[PDB]
Amino acid sequence: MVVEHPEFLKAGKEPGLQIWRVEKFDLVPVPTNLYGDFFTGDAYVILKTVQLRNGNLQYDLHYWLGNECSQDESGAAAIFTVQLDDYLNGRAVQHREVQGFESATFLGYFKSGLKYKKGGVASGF
Amino acid sequence: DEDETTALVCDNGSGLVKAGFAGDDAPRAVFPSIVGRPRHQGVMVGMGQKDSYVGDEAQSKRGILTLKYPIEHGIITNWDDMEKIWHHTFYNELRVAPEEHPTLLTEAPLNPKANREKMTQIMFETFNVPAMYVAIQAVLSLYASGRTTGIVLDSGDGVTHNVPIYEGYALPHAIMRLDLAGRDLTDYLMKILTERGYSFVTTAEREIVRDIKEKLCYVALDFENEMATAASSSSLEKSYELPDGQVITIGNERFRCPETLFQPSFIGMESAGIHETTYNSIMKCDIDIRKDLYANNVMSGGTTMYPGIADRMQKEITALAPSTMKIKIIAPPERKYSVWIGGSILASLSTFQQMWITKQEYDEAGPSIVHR
Amino acid sequence: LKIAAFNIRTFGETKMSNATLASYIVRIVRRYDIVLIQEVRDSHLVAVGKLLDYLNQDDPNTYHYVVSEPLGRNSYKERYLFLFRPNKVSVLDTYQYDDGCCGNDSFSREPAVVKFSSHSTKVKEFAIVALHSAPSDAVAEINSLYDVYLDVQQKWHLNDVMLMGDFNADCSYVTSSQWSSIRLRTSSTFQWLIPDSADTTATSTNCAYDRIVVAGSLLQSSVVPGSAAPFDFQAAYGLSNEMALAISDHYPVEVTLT
Ligand SMILES: Nc1ncnc2c1ncn2[C@@H]1O[C@H](COP(=O)(O)OP(=O)(O)OP(=O)(O)O)[C@@H](O)[C@H]1O
Ligand SMILES: *[C@@H]1O[C@H](CO)[C@@H](O[C@@H]2O[C@H](CO)[C@@H](O)[C@H](O)[C@H]2NC(C)=O)[C@H](O)[C@H]1NC(C)=O
Ligand SMILES: [Ca+2]
Ligand SMILES: [Ca+2]
């Protein structure tokens, strides 16, 4: 574990919310204004950094999987999520999120509402 | 491009050996894990002398050859033979030199420390590869289905393995093993089908009985009552013709073959069924993570392709496990390549670029560096 | 030097599996130093493997072999199989004939040519073109053998060549009028050992289907006269009619060189 990918260094530094979309075997940071918008044919990865009472941090890894997406993107979403958890010293609990069947907490992150849409980047195969 | 489209992946199975490039739908090559050694001295018309054959040539000329199986029950036994399998894979199958192609390899669940380092020592010094990695077979299958938690059931030709996984890491302490798979059920089919009245003498009979098993056999839930259905002379028969114009009819034995997976006493074994293995596999894990495993019950390998298998497992583990528990058996239609598929993705990731334990790491730290 | 071209009907695994039959097949094979078997319908060379086991059980190097892949545009293929004694002779080069494959493929089963080295005979080096012709083009394939020999001259420059096998070259398949076109029979270069008179059929019928042609001056001189003829194994071992036919329908056309 000596990963030096641009997005990894920026991740988990301060409290907030970070989103990346799986774009042909690689992560790309979604614009902050487009948060809460997901293409049904793609796989995404989210990380909720919450501040704690002791001064330390808390990380919650969520990966949203599209309905009409491909296997490469669905798989990659699981792979990156594990590599991050390890990058944060195994201090995060992962969450599997499906389209339509979102969890209790996952729905709570978006204070502007969750909005799906048709489309998405092509597969890497 | 130097590592994206030049990367390689390879599943090492007791029966077949799957291989291909990083970022393909299916593996480009799928040949049987065999090494045929000629018994008598002679040549094929056109060719000269042949020290030994590998793959299909070994399979198609097995009468005059003495075939050896390098991978015994999922694990590599004979290193000298396995060395030639990769040689055939690199040059003969894929038409690629190994010295400029990163090579990903798959290991069985509980592959000993030595076995990981031994194959690592081979690839770098004997084949001179630029970089390589040793992933697990059951782990790739979980990543193939797009998740990081749950229990996998890889049942190939050699062995069956229940592999509990949590947060990406596999749980070795909970892994279960069972020495029965594709080759055993076929050998059971062979015997119950001859016991039916028929005869499988020649190689055209001996080889086709495997083809029959795959196409006709089905996992019939509630075996007790499935006999009453078959005992009513119903249209649960299915005729099939040999290479020659001789037809055959398969009745009870069509579903009594895969039932051995759930009743080991069929073949005389005094072990537990796949349903019980899955329950006990979970029971050897932490109590706070069983709910994930019950719901994320993935399926992989070739000997899981029998129809009605999810139905059979679902009913059994739900009948054995808790009442209020949520169970769900997953089985992607490409589960006979789950192992390879997951690796094909894994290797093609941008982030995997740094997981490659290259010759730079090898020259200094030796074969012990990839051990982890 | 004992040579023989023997067509074994339905030479498969069910054939060799029979202990009673197998006994006599190996016995016949042991009679000759070089043997060419035809109609080998063994998809995975198990019977070929079994035959070699009985022959090489005492001595591993009693007989070496030369076999081809299954040949046949008719979707019903068979193999040519040589069984030769390494001590008496040795193979130098072997190749499958390339007629084309199209539509112009002259042969049903492309002849397998083998270059030998017999130091215990007049001819030290000589070729042996094996062929089992399809009864339909019995003439067309026999006519094309002349080209096979002509190709041997462009390859190994070896004018000494033996062209033998079940040519189906008599009776209904090749009648009197049909010999005119065949350049093999017309040109004086060739010398047909097995005559039209010969009966190379285990059945009551009288047909010289199995043939043994020989070309090249040295080769022709190596042959012992009055030796080139079939081998009635029915009368030889005192077999009954069904017993003899159970083995095969064609006799083995032998010849003794020196
Ligand atoms: N559609 C099918 N139905 C039933 N059985 C099948 C099917 N396809 C393959 N098999 C069986 O699965 C075996 C091959 O599967 P697989 O490639 O997963 O095993 P492997 O990885 O080579 O060996 P292992 O994983 O046990 O070490 C064969 O023996 C075959 O009989
Ligand atoms: C091998 O085949 C031979 C030839 O077919 C068998 O001999 C015949 O056997 C049948 C019954 O299977 C008898 O009806 C015939 O009378 C036999 N032929 C003759 C004329 O002798 C033989 O049985 C087979 N070998 C073995 C031992 O099974
Ligand atoms: Ca997509
Ligand atoms: Ca496998």
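Protein chains in written order, with the authors' numbering: chain G, 1 to 125; chain A, 1 to 372; chain D, 1 to 101, 104 to 260. A virtual CB, placed ideally from N, CA and C, is assigned to each residue, including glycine.
Closer than 8 angstroms to a non-hydrogen atom of ligand 2 - does that hold for the CB of residue i?
{"i": "D:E13", "result": "no"}
{"i": "D:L160", "result": "no"}
Three-state secondary structure (DSSP) at residue i?
{"i": "A:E125", "result": "helix"}
{"i": "A:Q59", "result": "helix"}
{"i": "D:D93", "result": "strand"}
{"i": "A:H161", "result": "strand"}
{"i": "G:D42", "result": "coil"}
{"i": "A:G156", "result": "coil"}
{"i": "A:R116", "result": "helix"}
{"i": "A:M325", "result": "coil"}
{"i": "A:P172", "result": "helix"}
{"i": "A:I282", "result": "helix"}
{"i": "D:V176", "result": "coil"}
{"i": "A:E334", "result": "coil"}
{"i": "A:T318", "result": "helix"}
{"i": "A:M355", "result": "coil"}
{"i": "D:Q222", "result": "helix"}
{"i": "A:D311", "result": "helix"}
Using alpha carbons as the reference points, say which of the options lies closest to residue i.
{"i": "D:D168", "options": "D:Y65, D:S189 and D:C209", "result": "D:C209"}
{"i": "D:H134", "options": "D:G240, D:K2, D:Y253 and D:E39", "result": "D:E39"}
{"i": "A:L346", "options": "A:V35, A:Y143, A:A131 and A:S14", "result": "A:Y143"}
{"i": "G:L34", "options": "G:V22, G:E68, G:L114 and G:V121", "result": "G:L114"}
{"i": "D:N74", "options": "D:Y54, D:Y239 and D:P137", "result": "D:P137"}
{"i": "D:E69", "options": "D:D99, D:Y32, D:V89 and D:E112", "result": "D:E112"}
{"i": "D:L1", "options": "D:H121, D:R27, D:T203 and D:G49", "result": "D:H121"}
{"i": "A:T203", "options": "D:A4, D:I3, D:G12 and D:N7", "result": "D:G12"}
{"i": "A:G63", "options": "A:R39, A:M47, A:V43 and A:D81", "result": "A:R39"}
{"i": "D:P232", "options": "D:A238, D:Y253, D:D198 and D:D58", "result": "D:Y253"}
{"i": "G:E14", "options": "G:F80, G:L88, G:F38 and G:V3", "result": "G:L88"}
{"i": "A:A319", "options": "A:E276, A:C10 and A:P164", "result": "A:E276"}
{"i": "A:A138", "options": "A:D80, A:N12, A:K238 and A:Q360", "result": "A:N12"}
Which partner residues of residue i appear in the DSSP bridge assignment?
{"i": "A:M44", "result": "D:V67"}
{"i": "A:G150", "result": "A:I165"}
{"i": "residue 375 of chain A", "result": "Residue 375 of chain A cannot be examined here, being either before or after the span of chain A that is shown, 1 to 372."}
{"i": "D:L83", "result": "D:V35 and D:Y65"}
{"i": "residue 378 of chain A", "result": "There is no way to answer for residue 378 of chain A, as the model of chain A reaches only from 1 to 372."}
{"i": "D:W194", "result": "D:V215"}
{"i": "A:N111", "result": "Beta-bridge pairing links A:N111 to no other residue."}
{"i": "A:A97", "result": "Answer is none; A:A97 lacks a bridge partner."}
{"i": "D:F6", "result": "D:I37"}
From which residue to which residue does the alpha helix (DSSP H) around residue i run?
{"i": "D:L51", "result": "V46 to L55"}
{"i": "A:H87", "result": "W79 to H87"}
{"i": "A:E224", "result": "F223 to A230"}
{"i": "A:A181", "result": "First-last for A:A181: undefined, no H or E at that position."}
{"i": "D:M245", "result": "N243 to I249"}
{"i": "A:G36", "result": "Note, A:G36: premise wrong, no alpha helix (DSSP H); beta strand (DSSP E) at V35 to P38."}
{"i": "G:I79", "result": "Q71 to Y87"}
{"i": "A:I212", "result": "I208 to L216"}
{"i": "A:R256", "result": "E253 to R256"}
{"i": "A:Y240", "result": "Looking at the DSSP string, A:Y240 is not in any alpha helix (DSSP H); the run it does join, the beta strand (DSSP E), is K238 to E241."}
{"i": "A:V139", "result": "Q137 to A144"}
Output the boundary residues of the beta strand (DSSP E) element that contains residue i.
{"i": "D:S17", "result": "Per DSSP, D:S17 belongs to no beta strand (DSSP E); it is in the alpha helix (DSSP H), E13 to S17."}
{"i": "D:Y151", "result": "Per DSSP, D:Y151 belongs to no beta strand (DSSP E); it is in the alpha helix (DSSP H), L147 to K157."}
{"i": "D:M166", "result": "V163 to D168"}
{"i": "G:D60", "result": "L57 to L65"}
{"i": "D:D212", "result": "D212 to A217"}
{"i": "D:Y253", "result": "Note, D:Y253: premise wrong, no beta strand (DSSP E); not H, not E."}
With a threshold of 8 angstroms (Cβ to nearest heavy atom), would residue i be considered close to ligand 1?
{"i": "D:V154", "result": "no"}
{"i": "A:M305", "result": "yes"}
{"i": "A:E207", "result": "no"}
{"i": "A:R210", "result": "yes"}
Does the beta carbon of residue i fall short of 8 angstroms from some heavy atom of ligand 3?
{"i": "D:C104", "result": "no"}
{"i": "G:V121", "result": "yes"}
{"i": "G:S70", "result": "yes"}
{"i": "G:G66", "result": "yes"}
Would you say residue i touches ligand 4, meaning its beta carbon is less than 8 angstroms from a heavy atom?
{"i": "A:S14", "result": "yes"}
{"i": "A:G156", "result": "yes"}
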